[PDB]
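Quick mapping for you: the protein sequence lines, in order, are chains A and B.
Residue numbers for the first sequence follow the authors' numbering, beginning at 1 and rising by one.
Residue numbers for the second sequence follow the authors' numbering, beginning at 10 and rising by one.
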Amino acid sequence: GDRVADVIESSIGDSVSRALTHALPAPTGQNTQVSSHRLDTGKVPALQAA
Amino acid sequence: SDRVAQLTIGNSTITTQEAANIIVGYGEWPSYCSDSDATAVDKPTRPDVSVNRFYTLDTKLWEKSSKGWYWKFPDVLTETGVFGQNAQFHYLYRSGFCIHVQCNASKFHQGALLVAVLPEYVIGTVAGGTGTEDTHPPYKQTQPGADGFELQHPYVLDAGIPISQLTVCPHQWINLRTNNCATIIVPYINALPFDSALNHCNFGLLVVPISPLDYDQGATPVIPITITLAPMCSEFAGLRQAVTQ
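Here is the structure:
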C-alpha cells in the first residue's frame with residue numbers, strides 16, 4: 001500500500017514525452033502581409049539576444 | 010465623332026481634327042499588378058502625374074528617298090523627367106504607353122506610313138554579307154536613345170522577317186489624303202511582372218513609308234514626323250543609388 005505522501009505526489013512512472021512544440025501544415029510558403037510605418041518605443045523586433 | 014479626338018492625361022493635352030479611331034494593343038488596357046502575380050514584397054511608389062504625361066521626343070524629316078526608322082521603348086525616356094530620374098534610382102519597372110504620331114500635309118501631297126508596335130524586336134546584323142562572318146549589333150543600335158535610328162534593309166526589318174506581315178501586330182497607317190495621326194495604346198507586355206528599364210527593352214515602334222512621299226514644285230518640301238508618347242500606370246521598386254547604365 002502506497003500510504004506515504006512522497007510516493008503519491010511522485011513523478012516516477014511517466015511514459016509521456018512533454019513536447020513544447022507541435023507540428024503544423026505548410027503546403028506553401030508564407031503569404032507576406034501588408035505593413036506601414038511605426039514610430040513607437042518598447043516595440044523593437046530588431047534587437048535580439050543570440 | 011470618330012475624326013475629332015482629344016487626349017488628356019496629366020498636366021498635358023492633345024487635340025486633333027483629321028484623325029481616326031484609337032487602337033488598344035492586343036485587346037486590353039493597362040493595369041497595376043495584382044497581389045497574386047507579384048513576387049516582390051517591397052511597397053512600390055505610384056506618382057500618377059509626374060510620370061504619366063505626354064513627352065515629345067524628336068522631329069524627323071520625310072524625304073522621297075526615305076526608308077524607315079525605329080525607336081525602342083522605354084529607352085526613349087531614361088533621361089527625361091521625373092520618369093527617368095526614378096528609373097535610374099529603382100531597379101524594377103512596370104508601365105504601359107500611349108503613343109501618338111504626327112505628320113501633316115496638304116491636299117496635294119500623297120503617301121502612306123505604317124506605325125507598328127512589335128514586342129521583343131531583336132536587331133540582327135548582316136553577317137558580313139557573305140554569311141560566315143559572325144558579328145553583333147553595337148550598343149547604339151539596340152539602345153539608340155530618343156534620337157531614333159534609321160533602317161538599312163526595311164523589307165526584312167533588319168531581322169529576317171518581312172514587313173508584309175507587320176499588320177498582325179498593332180498597326181496604323183497615315184494616308185495623307187485621309188488622316189494625319191495615329192494613336193496607339195499598349196499594355197505591359199512581358200512574362201515577368203516587373204523588369205528593369207535600362208537593360209531590357211520591351212518593344213519597338215516602327216515607322217516605314219510604303220507609298221513614297223510625292224508632290225509638285227512650289228509646294229512645301231519639309232514634311233516632318235513627330236513622335237509623342239505618355240507612360241501609364243507606372244510603378245517602381247528596389248530603391249538605391251542612380252545608375253546611368
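The C-beta atom is built at its ideal place from N, Cα and C for all residues, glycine as well.
8 Å Cβ cutoff, residue i in contact with chain C
i	result
B/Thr237	The structure shown contains no chain C; the protein chains it does contain are A and B.
Among the options, the one whose alpha carbon lies nearest that of residue i
i	options	result
B/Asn113	B/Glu244, B/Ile234, B/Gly213	B/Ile234
B/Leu86	B/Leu248, B/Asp204, B/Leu238	B/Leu238
B/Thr187	B/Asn20, B/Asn30, B/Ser21, B/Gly19	B/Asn30
B/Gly105	B/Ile132, B/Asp204, B/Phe158	B/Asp204
B/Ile32	B/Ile194, B/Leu207, B/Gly213	B/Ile194
B/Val126	B/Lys116, B/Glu159, B/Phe82	B/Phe82
B/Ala136	B/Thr68, B/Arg12, B/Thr144	B/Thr144
B/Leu101	B/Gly77, B/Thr65, B/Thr48, B/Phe117	B/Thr48
B/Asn61	B/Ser21, B/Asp44, B/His99	B/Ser21
B/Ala206	B/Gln254, B/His109, B/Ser220, B/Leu160	B/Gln254
B/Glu244	B/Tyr148, B/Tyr41, B/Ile232	B/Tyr41
B/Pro202	B/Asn95, B/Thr24, B/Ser45	B/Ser45
Rounded separation between residue i and residue j - CA only
i	j	result
A/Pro25	A/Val34	23 Å
B/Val217	B/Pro56	35 Å
B/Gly93	B/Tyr79	20 Å
B/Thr139	B/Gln150	21 Å
A/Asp2	A/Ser11	14 Å
B/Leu16	B/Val131	31 Å
B/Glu142	B/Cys107	40 Å
B/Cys178	B/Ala228	35 Å
B/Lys69	B/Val124	14 Å
Reduced DSSP secondary structure (H/G/I, E/B, other) of residue i
i	result
B/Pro128	strand
B/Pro83	coil
B/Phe245	strand
B/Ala121	strand
B/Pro163	helix
B/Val177	helix
B/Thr25	strand
Delimiting residues of the beta strand (DSSP E) encompassing residue i
i	result
B/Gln181	180-182
B/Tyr64	64-70
B/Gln15	14-18
residue 269 of chain B	The requested residue 269 of chain B does not occur in the structure, where chain B is confined to residues 10 to 254.
A/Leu47	A/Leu47 -> no beta strand (DSSP E), and no H or E assigned at all.
B/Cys190	190-195
A/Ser10	Here A/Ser10 belongs to no beta strand (DSSP E), and DSSP marks it neither H nor E.
Span of the alpha helix (DSSP H), counted from its first residue to its last, around residue i
i	result
B/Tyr35	Careful: B/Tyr35 lies outside any alpha helix (DSSP H) and carries neither H nor E.
B/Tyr148	148-151
B/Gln94	90-96
Residues near residue i in its chain [Cβ-Cβ closer than 7 Å; skip 5 each side]
i	result
B/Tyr197	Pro39, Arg103, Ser104, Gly105
B/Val165	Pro171
Own chain partners of residue i with C-beta closer than 6 Å, once the 5 adjacent residues on each side are dropped
i	result
B/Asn189	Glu27, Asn113
B/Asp51	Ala246
B/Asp156	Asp67
Cβ neighbours of residue i in the same chain (closer than 8 Å, five flanking residues each side left out)
i	result
B/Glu37	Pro196
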